[PDB]
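Here is the structure we will look at, set down as structure tokens.
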Number of protein chains: 2
Amino acid sequence: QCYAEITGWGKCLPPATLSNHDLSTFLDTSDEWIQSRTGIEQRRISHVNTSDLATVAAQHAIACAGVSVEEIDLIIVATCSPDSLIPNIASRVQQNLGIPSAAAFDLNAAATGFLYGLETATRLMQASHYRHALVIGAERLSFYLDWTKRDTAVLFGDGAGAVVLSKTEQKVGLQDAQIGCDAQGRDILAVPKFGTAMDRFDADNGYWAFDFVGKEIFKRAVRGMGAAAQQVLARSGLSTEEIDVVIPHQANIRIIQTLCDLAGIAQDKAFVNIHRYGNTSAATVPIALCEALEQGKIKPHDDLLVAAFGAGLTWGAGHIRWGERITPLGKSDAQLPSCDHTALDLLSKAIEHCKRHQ
Amino acid sequence: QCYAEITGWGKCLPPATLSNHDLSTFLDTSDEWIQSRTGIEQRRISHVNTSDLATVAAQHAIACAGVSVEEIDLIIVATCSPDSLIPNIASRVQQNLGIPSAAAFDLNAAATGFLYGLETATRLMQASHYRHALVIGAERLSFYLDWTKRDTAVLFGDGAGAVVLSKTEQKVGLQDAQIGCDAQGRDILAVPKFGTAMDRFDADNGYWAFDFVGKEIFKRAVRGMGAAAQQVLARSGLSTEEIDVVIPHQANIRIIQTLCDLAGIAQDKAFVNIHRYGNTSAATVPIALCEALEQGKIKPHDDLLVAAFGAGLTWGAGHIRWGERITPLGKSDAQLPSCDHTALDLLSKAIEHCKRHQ
Ligand SMILES: CCCCCCCC(=O)SCCNC(=O)CCNC(=O)[C@H](O)C(C)(C)COP(=O)(O)OP(=O)(O)OC[C@H]1O[C@@H](n2cnc3c(N)ncnc32)[C@H](O)[C@@H]1OP(=O)(O)O
Ligand SMILES: CCCCCCCC(=O)SCCNC(=O)CCNC(=O)[C@H](O)C(C)(C)COP(=O)(O)OP(=O)(O)OC[C@H]1O[C@@H](n2cnc3c(N)ncnc32)[C@H](O)[C@@H]1OP(=O)(O)O
Ligand code: NA
Ligand code: NA
């Protein structure tokens, strides 16, 4: 029996910050509403493409793991905002870092995609000949947003997180996972007209609907994640008190609290950074894991519960058993190109077109 | 030790057919050039979205396997032309067929994506609790094409293929596989400006370049596939004479012939249907497998070699050991909505815009 230890962790958050106050400047909303309903105070807006955020997060995770590029056998980028469809952006990350040979693909399961990626890489490694893997959740969700619609415009941000996995005999990394999808929730969270369903030559094709039914999402998410978390704990013989840390998707602070409350997990076990970054979809979990490690929230040998959901409606949970090391082997000087523009400056063209079309 | 038997197979080719003669009607090309250089005589153009082609192929594979929707635990759609990015289209296929619960994701590794999907589902099933899986290669490549540029406009078509996998103790299905990516070939085959790298509000954003360096692709593809096929055969203890059938990606007939020639595999072992459908990217392999089965090309207990490449430049090979059954359990009456339009009629809006912009 082999296992896939999380030997490296890393993040990349773009510098330009869109505050709740900044959103109040061009929308009928407030810090008071956004903060009390969602827990979000700020989020980051990328001046660079999704693959660039991915690459930097990967660079940090690679130094953290001390793994050479020659040893990386698999690259998975979990994203729903890739630079290109042809080719995939896993191959761009591969190109940027000079990784020869590795299998490289993009995985789309919306915000659950990192957990899907961790599950997928772990089983690939357990069943076949992949020595080390790079799994990245990376998003530039700001691409998609409708800057007239306050319901969604205030919820999402940009960023990336990465892990490196290393094959081992030790019983560490992802243990049981349960991933799934509630396809009856497919239409409640959707941008149906970006992709090959859109009219390529219509000049109004940029003004797509972001469909979003918050109450219905909340309900299906809590059920999806909750039942997945229960299957993981039940199958693994864990009592709930044995869970040391929860690393949840950062969609809404109330969803995190409800998940923990219904499962009987203490609220202070959940790592929350949604106030800083908002919902970064596939990046939420690996960024939260990275920061949990950075801030001393995870001890050697801890049991972690990861839980996530997203458009689909995809869902999942998993149990990670941490090994010996919670400290990086090395640091990276990798950074995004500098940018002195505000988040408002970056969104100007997009905001002005959306408001003019209305 | 478990294995993932291919218990179901199925295809969906849209009816509207673009002949080489039809391409001669609006481009400086000929049947004589296209047929002798590529082997392509016809290809299909979809009147429906990628998810619809996927669904029908899935329906045929499900009846072929005799598996209920309740038993399907995993859905992978390999595609680079999804209807939507949010949500994924694996979840649409899931919705269409009423499959509850299953993990559902889109996998993007261009034409190698089906092989990536087969590898991924097989290892998921071997290492964890997935009883049956649905793996689909589905594409509407006609969305992307530059109807002024003859180099690429004549090469690609639309379609989908599916398999159903069933967990078993018997040593059948995918055995060894070797998948990878040659990221130094990333820029030779690319549509860099469809995705989040495109300017959403530019009215000319629909007139994207399809970058394509045929000679360089040919060379990297032959090397990529060839070395992957060698690693598969070497690791598995197979002599080349023991390979009964080759199911190759249908990009170019000369690439198939060169692959077989350099490996010392007899040319008549390769199944070729590129003359009918062209390059359908991720759909090529599962459609060719489905048709090989339909036409009596595969016997019980045969050894198959699958080989593929695509944008990335992704590559791979695998060895499938066939089990007992080469005949479907049941048939499906599932079909696409009727369409009496020609391929030319369907492409009219796209062709007229491309030619007017030039
Ligand atoms: C671009 C990337 C997209 C792809 C994403 C992929 C990743 C994912 O899928 S993760 C998906 C994220 N999921 C979530 O955020 C969870 C969904 N749930 C929620 O957000 C919550 O239900 C939430 C906060 C909206 C509920 O708020 P609620 O309790 O209804 O507040 P309440 O006091 O009742 O007021 C509601 C009203 O406020 C108003 N309102 C909405 N937005 C705002 C705003 N920004 N400012 C002021 N008022 C607002 C509306 O009129 C709303 O009415 P209704 O609820 O009928 O639409
Ligand atoms: C939407 C799709 C997105 C992609 C999704 C992912 C799928 C994949 O990644 S699979 C990729 C598929 N790969 C391929 O098709 C590669 C196959 N190989 C080739 O294309 C060959 O090299 C091929 C067909 C060009 C043959 O070359 P070859 O016979 O050696 O050269 P030759 O006989 O001199 O002809 C080439 C010349 O013909 C001309 N020519 C090109 N197209 C045409 C045409 N349609 N009609 C007439 N002449 C043409 C060109 O001037 C070309 O010049 P150059 O020498 O500069 O390339
Ligand atoms: Na514990
Ligand atoms: Na044989």
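Labels used: A, B, ... for chains in the order of the structure tokens, numbers from 1 for residues in each chain, and numbers from 1 for ligands as shown.
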Output the contact residues of chain A with respect to chain B at a cut-off of 7 Å, based on only C-alpha atoms, as a short mmCIF file (atom, residue, chain, number, x, y, z; two decimals) with N, CA and C atoms, in the first residue's frame.
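Output contents, as saved in selection-v4.cif:
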data_model
loop_
_atom_site.label_atom_id
_atom_site.label_comp_id
_atom_site.auth_asym_id
_atom_site.auth_seq_id
_atom_site.Cartn_x
_atom_site.Cartn_y
_atom_site.Cartn_z
N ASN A 49 -2.94 36.39 -16.08
CA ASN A 49 -3.76 35.23 -16.45
C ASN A 49 -3.73 34.14 -15.38
N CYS A 80 -11.89 26.58 -13.52
CA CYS A 80 -13.00 26.83 -14.45
C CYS A 80 -12.82 28.17 -15.17
N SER A 81 -11.61 28.73 -15.11
CA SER A 81 -11.29 30.01 -15.76
C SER A 81 -9.94 29.93 -16.48
N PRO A 82 -9.72 28.85 -17.26
CA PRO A 82 -8.44 28.70 -17.93
C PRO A 82 -8.17 29.74 -19.02
N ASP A 83 -6.90 30.15 -19.14
CA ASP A 83 -6.43 31.10 -20.18
C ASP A 83 -6.95 30.70 -21.55
N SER A 84 -6.82 29.40 -21.82
CA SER A 84 -7.15 28.80 -23.09
C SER A 84 -7.77 27.43 -22.87
N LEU A 85 -8.54 26.98 -23.85
CA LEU A 85 -9.02 25.59 -23.88
C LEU A 85 -8.06 24.73 -24.68
N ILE A 86 -7.40 25.35 -25.66
CA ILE A 86 -6.46 24.69 -26.55
C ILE A 86 -5.14 25.48 -26.58
N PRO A 87 -4.05 24.94 -26.03
CA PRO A 87 -4.03 23.73 -25.21
C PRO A 87 -4.56 24.02 -23.81
N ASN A 88 -4.47 23.03 -22.94
CA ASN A 88 -4.81 23.18 -21.53
C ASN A 88 -3.75 24.09 -20.85
N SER A 91 -0.31 22.37 -19.07
CA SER A 91 0.85 22.38 -19.97
C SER A 91 1.61 23.72 -19.99
N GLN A 94 3.54 23.64 -16.87
CA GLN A 94 4.64 22.74 -17.20
C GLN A 94 5.76 23.43 -18.01
N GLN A 95 5.36 24.17 -19.05
CA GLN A 95 6.30 24.96 -19.86
C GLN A 95 7.05 25.98 -19.02
N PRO A 100 9.95 18.31 -17.59
CA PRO A 100 9.82 17.47 -18.77
C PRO A 100 8.79 16.35 -18.52
N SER A 101 8.14 15.88 -19.57
CA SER A 101 7.47 14.56 -19.58
C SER A 101 6.15 14.39 -18.85
N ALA A 102 5.92 15.12 -17.76
CA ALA A 102 4.79 14.85 -16.85
C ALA A 102 3.45 14.85 -17.56
N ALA A 103 2.54 13.99 -17.11
CA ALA A 103 1.16 14.08 -17.55
C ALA A 103 0.67 15.42 -17.06
N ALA A 104 -0.12 16.10 -17.88
CA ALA A 104 -0.58 17.45 -17.55
C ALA A 104 -1.98 17.65 -18.07
N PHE A 105 -2.93 17.84 -17.16
CA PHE A 105 -4.31 18.14 -17.58
C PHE A 105 -5.05 19.13 -16.69
N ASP A 106 -6.05 19.78 -17.28
CA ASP A 106 -6.97 20.62 -16.52
C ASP A 106 -8.18 19.81 -16.12
N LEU A 107 -8.64 20.04 -14.90
CA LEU A 107 -9.75 19.33 -14.30
C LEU A 107 -10.76 20.40 -13.95
N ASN A 108 -11.99 20.25 -14.45
CA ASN A 108 -13.05 21.18 -14.11
C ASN A 108 -14.17 20.50 -13.34
N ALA A 109 -14.21 20.77 -12.03
CA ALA A 109 -15.35 20.48 -11.16
C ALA A 109 -15.69 21.70 -10.29
N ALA A 110 -15.52 22.90 -10.85
CA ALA A 110 -15.76 24.17 -10.16
C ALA A 110 -15.01 24.18 -8.81
N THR A 120 -7.89 12.48 -7.37
CA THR A 120 -7.41 11.91 -8.62
C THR A 120 -5.90 11.63 -8.59
N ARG A 123 -5.04 8.70 -6.14
CA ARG A 123 -5.33 7.35 -6.64
C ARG A 123 -4.43 6.96 -7.82
N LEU A 124 -4.11 7.93 -8.68
CA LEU A 124 -3.13 7.68 -9.75
C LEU A 124 -1.84 7.18 -9.14
N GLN A 126 -1.32 5.90 -6.12
CA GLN A 126 -1.44 4.62 -5.39
C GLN A 126 -1.50 3.40 -6.29
N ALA A 127 -2.16 3.56 -7.43
CA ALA A 127 -2.39 2.46 -8.38
C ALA A 127 -1.35 2.36 -9.51
N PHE A 143 -12.87 37.56 -14.44
CA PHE A 143 -13.24 37.46 -15.86
C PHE A 143 -14.75 37.37 -16.14
N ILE A 179 -16.30 12.01 -3.23
CA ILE A 179 -16.65 13.11 -4.14
C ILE A 179 -17.85 12.73 -4.96
N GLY A 180 -18.61 13.72 -5.39
CA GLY A 180 -19.87 13.43 -6.10
C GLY A 180 -20.40 14.65 -6.78
N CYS A 181 -21.62 14.54 -7.27
CA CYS A 181 -22.28 15.67 -7.90
C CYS A 181 -23.79 15.50 -7.82
N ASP A 182 -24.46 16.61 -7.48
CA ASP A 182 -25.91 16.73 -7.38
C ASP A 182 -26.33 17.51 -8.62
N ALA A 183 -26.55 16.76 -9.70
CA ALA A 183 -26.82 17.33 -11.02
C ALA A 183 -28.19 18.01 -11.12
N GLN A 184 -29.11 17.72 -10.19
CA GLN A 184 -30.35 18.52 -10.06
C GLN A 184 -30.12 19.94 -9.55
N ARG A 186 -27.71 21.69 -11.03
CA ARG A 186 -26.84 22.20 -12.09
C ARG A 186 -27.22 23.63 -12.52
N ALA A 190 -24.43 28.92 -12.51
CA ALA A 190 -24.15 28.66 -13.93
C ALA A 190 -23.87 29.94 -14.72
N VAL A 191 -22.96 29.83 -15.69
CA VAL A 191 -22.76 30.84 -16.72
C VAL A 191 -22.92 30.09 -18.05
N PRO A 192 -24.18 29.81 -18.46
CA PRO A 192 -24.36 28.92 -19.61
C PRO A 192 -23.78 29.40 -20.95
N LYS A 193 -23.55 30.71 -21.11
CA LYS A 193 -23.12 31.26 -22.40
C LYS A 193 -21.67 31.76 -22.42
N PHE A 194 -20.79 31.11 -21.66
CA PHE A 194 -19.38 31.17 -21.98
C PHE A 194 -18.87 29.75 -22.14
N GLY A 195 -18.38 29.48 -23.35
CA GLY A 195 -18.00 28.15 -23.78
C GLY A 195 -18.48 28.01 -25.20
N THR A 196 -18.54 26.79 -25.70
CA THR A 196 -18.90 26.57 -27.09
C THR A 196 -20.41 26.66 -27.36
N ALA A 197 -21.20 26.78 -26.29
CA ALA A 197 -22.62 27.13 -26.39
C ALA A 197 -22.87 28.60 -26.77
N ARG A 200 -20.20 32.73 -31.18
CA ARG A 200 -18.86 33.29 -31.43
C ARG A 200 -18.83 34.65 -32.15
N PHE A 201 -19.81 34.92 -33.00
CA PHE A 201 -19.82 36.14 -33.82
C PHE A 201 -20.85 37.19 -33.44
N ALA A 203 -21.84 40.24 -31.32
CA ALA A 203 -21.13 41.33 -30.66
C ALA A 203 -21.59 41.59 -29.23
N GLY A 206 -20.45 38.94 -24.94
CA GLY A 206 -19.80 39.25 -23.67
C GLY A 206 -20.69 39.58 -22.47
N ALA A 311 -20.31 24.66 -8.55
CA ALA A 311 -21.22 24.51 -9.70
C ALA A 311 -21.21 23.08 -10.26
N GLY A 312 -22.39 22.56 -10.57
CA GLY A 312 -22.53 21.16 -10.95
C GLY A 312 -23.86 20.52 -10.60
#
Within 12 Å of ligand 3, which residues show up when you count only C-alpha atoms and all ligand atoms? List them as a VMD selection string, please.
chain A and resid 233 237 to 246 269 298 to 305 319 to 323
Grab the residues selected above and save them as a compact mmCIF listing (two decimals), in the first residue's frame with N, CA, C and O atoms.
# COMPACT_ATOMS: atom_id res chain seq x y z
N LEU A 233 -16.06 10.08 7.48
CA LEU A 233 -15.82 9.73 8.90
C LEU A 233 -16.27 8.29 9.22
O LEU A 233 -15.51 7.53 9.80
N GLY A 237 -13.69 4.98 10.46
CA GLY A 237 -13.73 4.63 11.89
C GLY A 237 -13.35 5.77 12.83
O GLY A 237 -13.04 5.53 13.99
N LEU A 238 -13.37 7.00 12.32
CA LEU A 238 -13.06 8.19 13.11
C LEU A 238 -14.30 8.65 13.87
O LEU A 238 -15.37 8.73 13.28
N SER A 239 -14.14 8.98 15.14
CA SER A 239 -15.14 9.80 15.84
C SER A 239 -14.88 11.25 15.44
O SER A 239 -13.78 11.59 14.96
N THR A 240 -15.87 12.11 15.63
CA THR A 240 -15.81 13.49 15.15
C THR A 240 -14.84 14.33 15.98
O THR A 240 -14.18 15.22 15.45
N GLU A 241 -14.74 14.02 17.28
CA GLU A 241 -13.79 14.66 18.19
C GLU A 241 -12.32 14.47 17.73
O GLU A 241 -11.48 15.29 18.05
N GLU A 242 -12.04 13.38 17.02
CA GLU A 242 -10.69 13.13 16.48
C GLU A 242 -10.29 14.03 15.31
O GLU A 242 -9.12 14.11 14.99
N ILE A 243 -11.25 14.69 14.67
CA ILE A 243 -10.92 15.69 13.64
C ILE A 243 -10.29 16.92 14.33
O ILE A 243 -10.89 17.51 15.22
N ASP A 244 -9.08 17.28 13.90
CA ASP A 244 -8.35 18.38 14.51
C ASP A 244 -8.56 19.69 13.78
O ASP A 244 -8.62 20.73 14.42
N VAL A 245 -8.67 19.66 12.46
CA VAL A 245 -8.78 20.87 11.67
C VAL A 245 -9.73 20.59 10.52
O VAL A 245 -9.69 19.52 9.93
N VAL A 246 -10.59 21.55 10.23
CA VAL A 246 -11.44 21.51 9.04
C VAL A 246 -10.90 22.55 8.06
O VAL A 246 -10.69 23.70 8.44
N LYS A 269 -12.47 24.80 14.94
CA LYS A 269 -11.60 23.91 14.16
C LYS A 269 -11.54 24.26 12.68
O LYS A 269 -10.61 23.86 12.02
N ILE A 298 -1.96 23.60 12.03
CA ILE A 298 -1.87 22.16 11.79
C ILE A 298 -0.61 21.61 12.46
O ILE A 298 0.50 22.15 12.28
N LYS A 299 -0.80 20.56 13.25
CA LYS A 299 0.30 19.87 13.93
C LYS A 299 0.64 18.59 13.19
O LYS A 299 -0.22 18.01 12.52
N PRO A 300 1.90 18.11 13.32
CA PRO A 300 2.24 16.77 12.87
C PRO A 300 1.24 15.72 13.36
O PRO A 300 0.76 15.82 14.49
N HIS A 301 0.86 14.79 12.49
CA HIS A 301 -0.12 13.73 12.82
C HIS A 301 -1.57 14.16 13.00
O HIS A 301 -2.39 13.32 13.36
N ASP A 302 -1.93 15.41 12.71
CA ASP A 302 -3.33 15.85 12.82
C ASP A 302 -4.18 15.14 11.78
O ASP A 302 -3.68 14.76 10.74
N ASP A 303 -5.47 14.99 12.09
CA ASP A 303 -6.47 14.60 11.13
C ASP A 303 -7.21 15.83 10.64
O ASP A 303 -7.76 16.60 11.44
N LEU A 304 -7.21 16.01 9.32
CA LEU A 304 -7.89 17.12 8.66
C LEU A 304 -9.13 16.58 7.96
O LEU A 304 -9.09 15.47 7.42
N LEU A 305 -10.21 17.36 7.99
CA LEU A 305 -11.36 17.14 7.15
C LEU A 305 -11.42 18.29 6.13
O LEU A 305 -11.51 19.44 6.51
N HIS A 319 -10.53 13.00 4.16
CA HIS A 319 -9.75 12.94 5.38
C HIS A 319 -8.30 12.90 4.99
O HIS A 319 -7.90 12.02 4.22
N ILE A 320 -7.52 13.85 5.50
CA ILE A 320 -6.07 13.87 5.35
C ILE A 320 -5.44 13.58 6.71
O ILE A 320 -5.82 14.21 7.68
N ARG A 321 -4.52 12.62 6.77
CA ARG A 321 -3.70 12.37 7.93
C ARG A 321 -2.35 13.02 7.67
O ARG A 321 -1.64 12.64 6.73
N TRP A 322 -1.99 14.01 8.49
CA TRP A 322 -0.76 14.75 8.29
C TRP A 322 0.40 13.89 8.76
O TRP A 322 0.25 13.09 9.68
N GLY A 323 1.54 14.04 8.11
CA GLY A 323 2.77 13.33 8.54
C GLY A 323 3.60 14.16 9.51
O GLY A 323 3.06 14.84 10.39
Atom CA of residue A:153 to atom 15 (O, counted along the ligand's line) of ligand 1, straight-line distance in Å:
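Computing the Euclidean distance for atom 15 (O, counted along the ligand's line) of ligand 1 and atom CA of residue A:153 yields 10.9 Å.
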At a cut-off of 7 Å around ligand 1, and using only C-alpha atoms and all ligand atoms, what residues come up? Please write them as a PyMOL selection string.
(chain A and resi 28-30+33-34+37-38+110-111+141-142+144-145+150-151+154-156+189-190+214-215+217-218+251-252+255+279+281-282+309-311) or (chain B and resi 86)
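Running DSSP on the backbone and keeping only strand (DSSP E), the residues of stretch 30-104 of chain B that qualify are residues 42, 43, 44, 72, 73, 74, 75, 76, 77, 78, 103 and 104 of chain B.
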